[PDB]
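Proteins come first, then strands; the chains are lettered A, B, ... in the order of their sequence lines, and each starts at number 1. Quick note: numbers below take in every heavy atom, side chains included, and nothing from hydrogens, waters or symmetry partners.
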Amino acid sequence: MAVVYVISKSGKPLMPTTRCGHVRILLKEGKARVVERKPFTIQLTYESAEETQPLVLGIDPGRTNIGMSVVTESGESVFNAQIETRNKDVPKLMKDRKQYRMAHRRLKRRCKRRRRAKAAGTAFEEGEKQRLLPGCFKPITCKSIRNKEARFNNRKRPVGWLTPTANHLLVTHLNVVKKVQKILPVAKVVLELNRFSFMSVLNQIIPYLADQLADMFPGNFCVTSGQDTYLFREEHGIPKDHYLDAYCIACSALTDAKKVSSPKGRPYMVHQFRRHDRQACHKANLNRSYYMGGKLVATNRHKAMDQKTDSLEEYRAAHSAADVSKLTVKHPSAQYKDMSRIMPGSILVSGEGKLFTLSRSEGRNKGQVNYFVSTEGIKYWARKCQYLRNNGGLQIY
RNA sequence: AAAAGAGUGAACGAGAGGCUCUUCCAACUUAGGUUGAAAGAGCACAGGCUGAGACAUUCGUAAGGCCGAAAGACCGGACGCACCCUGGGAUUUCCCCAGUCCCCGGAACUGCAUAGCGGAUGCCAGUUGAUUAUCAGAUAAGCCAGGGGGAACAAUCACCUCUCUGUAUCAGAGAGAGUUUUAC
DNA sequence: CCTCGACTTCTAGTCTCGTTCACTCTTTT
DNA sequence: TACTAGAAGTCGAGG
């Protein structure tokens, strides 16, 4: 039934075994040492022959659901994994990063320089200047001082430059392949190619993935077509599911596969957690709330950009000066994240002794986290949980 | 080859708002306090690096075409610059990267000319300590900062069978040679 | 019948406009 | 979007 992955005494991956009673005997007798809780990996502690058969790794690429499966020369299944990529979050984070950077440079540098210039008298006499910059046909308005030099004419990128999102997706594919290599002795690699007319990040990265996979597996790299996968499915009767695709892909490179049958059993699930979080501010509240008694009646002095609720100006329009004189203002202070916190993806044990993978930290009182939420959605009192293992980028669930 | 279609990276510039303080005018309330209007000044992740580099006025910025009496304008693109290129560095770390920026040079490539750079003038800092000299300190209108991966770090016993308990499902605890080799 | 620890439930987080530039892939014709 | 900080709420313990 189950499959136990085996590693040689030298750290070399070996053929997985399914005897599962020899495994327990070996573990009790001390000849085998557990390497990974899930997928269950054991390393032999004694030298032995390392005969291996060829294995084929089939990849169904995607932006948020990568699928891979390892098969023997006859179409038997020994590994099936489905990875939920963190890719969608990267462009939004990068956009927010750009906005924060522009805010920094506008408010801490440009506005301060303009303020100093007005103070010192070293400003334009007109106070405003229209500047026609090379490469532009319409001027920019510079108030009280020259602009910092604008650089857009001749910025060059190395050939085959990839955006952080596409690079992240490519690196994710390669990293998950490396993790599979740590477990099994992969011999051949098959990739399913995708072309999108749109009349996408994955479409951008497919050729680079093919190149670098070919480098990783010299002479042992094949490519298949989506139509080929569909025909294989129809011919061999594999049930139509998303995670089965990879298996079918892996079965294309087999010359004569007599034991083709759909894998039975849920595949391993892999979650991607960010390695770094450089942000220091949680909430910069920035909303001057006006309460009359205990009811919110206004949100700013004058309505801000993209604000729909009434501000103080409307309230002054509607009510009287004796009403305004009684208002109370409440502006909460900015909140900062703990940057040394236990990041999501960490592995901890609860007070009752159950092991879990951290998903989020919920609540905070007196400078200490209230609840740790596991990847299964169970809340544990953080004071009693014990920290075992730091975040690895790709984590089995 | 171009045409479009889908994405997602970079520089610079304007605001609506926000925080602190001052002046002044109202309103409400135990000269004081709270709220607001108007005018003004300062301030913009937590932080890392650095000691000067920001701004204003003005002068200079190739040869050769070409229009002008001339002054000068236009084209062009170097002996001028650079976002380009070789090398080094800050952000920078447990190991790396992206992005931005800086320094000395400039073979080819790429780009700029109302830009950028250099000079002159003006304006905006900080000066203390240990042994006039050296190290350290202070010194912003300086640069970067909300992006990504990997390593290492388990109280890491999985599956199946039996027993107990809770529990509708099922889960927790204990025990176990379950074909022989993890690969024939 | 209060008060105070120890948890438990629940909510909320900044936006816009300009001047330009760049890279990767796909498809047609 | 969603992880994370923090305000308000609930419940016993105890005197």
Side-chain angles (χ1 to χ4, degrees), chain A residues 1-2 4 6 14-15 17 19-21 24-25 27 34 36-38 40 48 51-53 89-94 96-97 100 103-104 107-110 112-113 115-117 120-123 131-136 138-143 145-157 160-168 171 175 195-201 203-204 207 275-276 278-284 286 288 300 302-306 312 316 321-322 324-329 335-337 339 344 347 349 353 355 360-365 381 386 388-390 393:
Chain A
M1 285 73 73
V4 188
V6 168
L14 280 184
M15 293 311 285
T17 178
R19 290 176 30 209
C20 295
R24 180 183 55 79
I25 295 312
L27 281 168
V34 176
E36 182 65 26
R37 187 172 29 117
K38 194 171 183 179
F40 196 43
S48 178
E51 284 184 18
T52 55
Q53 279 71 69
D89 307 345
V90 193
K92 299 183 285 184
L93 286 165
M94 185 64 72
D96 290 351
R97 196 190 155 239
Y100 291 141
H104 290 323
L107 303 174
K108 200 192 156 76
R109 186 180 71 197
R110 170 77 182 157
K112 192 183 289 187
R113 290 188 183 169
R115 213 178 305 131
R116 292 291 179 284
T122 70
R131 287 195 100 215
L132 197 41
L133 286 183
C136 306
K138 288 181 277 186
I140 68 167
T141 294
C142 294
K143 268 158 193 202
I145 43 173
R146 168 180 293 171
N147 63 296
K148 173 154 190 261
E149 186 190 6
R151 302 201 174 135
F152 46 87
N153 294 116
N154 203 25
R155 273 209 204 277
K156 291 289 215 200
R157 276 151 187 182
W161 185 95
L162 275 184
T163 57
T165 295
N167 180 82
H168 179 255
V171 171
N175 289 350
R195 291 180 180 88
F196 281 179
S197 163
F198 293 149
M199 185 180 288
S200 186
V201 166
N203 196 8
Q204 300 174 23
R275 279 283 180 156
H276 301 255
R278 280 85 182 270
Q279 191 162 203
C281 189
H282 186 236
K283 289 178 180 179
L286 294 179
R288 164 177 270 256
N300 287 307
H302 302 276
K303 197 173 290 186
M305 179 81 36
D306 202 333
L312 185 51
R316 297 200 282 117
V324 171
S325 302
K326 299 179 184 294
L327 296 169
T328 60
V329 61
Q335 306 174 359
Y336 296 91
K337 287 186 285 190
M339 293 204 254
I347 293 165
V349 67
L355 281 83
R360 74 186 72 95
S361 302
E362 167 174 300
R364 189 154 208 118
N365 184 2
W381 190 237
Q386 170 81 243
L388 282 72
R389 181 166 279 257
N390 191 359

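A residue-by-residue look at A:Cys136 and A:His282 shows that A:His282 has its nearest nucleotide of DNA chain C further toward the 5' end. Of the two residues contacting DNA chain C, namely A:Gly135 and A:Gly160, the nearest-nucleotide position lying further toward the 5' end is that of A:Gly135.
Taking a 6.0 Å sphere around CZ of A:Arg109, one finds it holds more than 12 heavy atoms contributed by other residues, nucleotides or ligands.
To the nearest angstrom, P of B:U161 lies 7 Å from CE of A:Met1. Following rounding to the nearest Å, A:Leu327 (CG) and B:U29 (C1') show an atom-to-atom distance of 14 Å. In this structure, A:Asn153 atom CG and B:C81 atom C1' are separated by 13 Å, rounded to whole Å. Distance A:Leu286 CG to C:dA12 P: 16 Å, rounded to the nearest Å. When rounded to the nearest whole Å, the span between NZ of A:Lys156 and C1' of B:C109 equals 8 Å. The distance from atom CZ of A:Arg155 to atom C1' of B:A98 is 14 Å, rounded to the nearest whole Å. As rounded to whole Å, 22 Å separates atom P of B:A141 from atom CD of A:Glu149. Rounded to whole Å, the distance from CD1 on A:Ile140 to P on B:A14 is 7 Å.
With both atom-pair distances required to fall under 3.5 Å, no Watson-Crick or G-U wobble pair links B:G126 to B:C84. Judged by the 3.5 Å cutoff on both pairing distances, B:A151 and B:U93 do not qualify as a Watson-Crick or G-U wobble pair. Between B:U128 and B:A136, a Watson-Crick or G-U wobble pair is formed, both defining distances falling under 3.5 Å. In this structure B:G15 is not paired with B:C162, as neither the Watson-Crick nor the G-U wobble definition is met at both distances under 3.5 Å. Here B:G166 is not matched with B:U161 as a Watson-Crick or G-U wobble partner, both contacts being required under 3.5 Å. Taking 3.5 Å as the upper bound for both contacts, B:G9 does not pair with B:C94 in Watson-Crick or G-U wobble fashion. In this structure, B:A90 forms a base pair with B:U100, meeting the Watson-Crick or G-U wobble definition at 3.5 Å. By the Watson-Crick or G-U wobble test, with both distances required under 3.5 Å, B:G129 and B:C135 count as a base pair. In this structure, B:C109 forms no base pair with B:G178 under the Watson-Crick or G-U wobble definition at 3.5 Å. Nucleotides B:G32 and B:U132 fail to qualify as a pair under the Watson-Crick or G-U wobble definition, as the contacts are not both shorter than 3.5 Å.
For A:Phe40 and B:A158, the ring-to-base geometry satisfies the stacking test (centroid distance below 5.5 Å, interplanar angle below 30°).
A:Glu362 reaches into the major groove: its side chain has a heavy atom less than 5.0 angstrom from a major-groove base atom.
A donor-acceptor contact under 3.5 Å links the side chain of A:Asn154 to the base of B:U110.
With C1' as the reference atom, B:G80 and B:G118 are 10 Å apart, rounded to whole Å.
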